[PDB]
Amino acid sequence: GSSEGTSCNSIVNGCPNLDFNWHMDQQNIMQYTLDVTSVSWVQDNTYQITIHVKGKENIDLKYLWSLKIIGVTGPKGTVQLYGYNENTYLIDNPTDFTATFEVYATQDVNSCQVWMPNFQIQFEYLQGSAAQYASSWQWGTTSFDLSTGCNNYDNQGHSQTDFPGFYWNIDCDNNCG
C-alpha cells in the first residue's frame, strides 16, 4: 500500500555560524560539507531525507573501501553506501554524493519544527583492495567518522561536530503557524 509524501518547503541549517572546519582540521581530515536537500514526511514521525555531501578536493572512487551512515535514528540504524563486503555500490564519488534514507525526527525546535536526529558518516579509504593506491593519497586521515549536529561546540564558536544539524516542519505541514 502506497502513500502520498508531504514535502517540506523550509529546511533550515540550525547553526550556520559555527566553525565546522576546525573539527576536521584538528584531525587532519580533509574538509567536507553536508546539506539536507529534501525532506518528505512519510507518516508517524518518519521523514525521508536526502543529503548531499561534498569534499573540498575530488577523491577518486578507487581510494574508497567503505562508506556508511551510522547512528541513524530511523527504521535502519545503518545505511550502507559503499562496500565490497556488503555488495553495496550506491555512490560513485566519495567527495560528491547523495543519499536518501528515513529518520525519526521528534525533538522540537519549537511547536512547528523538529530537529533531524544526528548521525555519522564513516569513511574508510585505503583499506582492503584500495590500499594499493596509498602512494598517491594526499588528503590526510584515511579512516574517520564525520558527525552532524548543532549541540556540541567549544567556547570559541568551533563545532565538535563536522556538519550542521538541520530542522524542518513537523509532518511537513508548511502552514504550521
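Residue positions are given as counts along the sequence shown, with the first one as 1.
Name the higher of the two by mean Cα B-factor in the PDB entry, 135 to 143 versus 44 to 52.
On average, C-alpha B-factors are higher across 135 to 143.
Should the higher mean CA B-factor in the entry be assigned to 15 to 23 or to 161 to 169?
Higher mean C-alpha B-factor: 15 to 23.
Of the choices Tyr32, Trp115, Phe119, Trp65, which one's C-alpha carries the largest B-factor in the record?
Spelled out: the listed residue with the top C-alpha B-factor is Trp65.
If you compare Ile70, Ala130, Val39, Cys150, which has the highest Cα B-factor in the entry?
Among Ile70, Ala130, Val39, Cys150, the PDB entry lists the largest C-alpha B-factor for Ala130.
Lowest, middle or highest third of the chain for the C-alpha temperature factor of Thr106?
Its C-alpha B-factor, which the entry lists for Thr106, ranks in the lowest third among residues of this chain.
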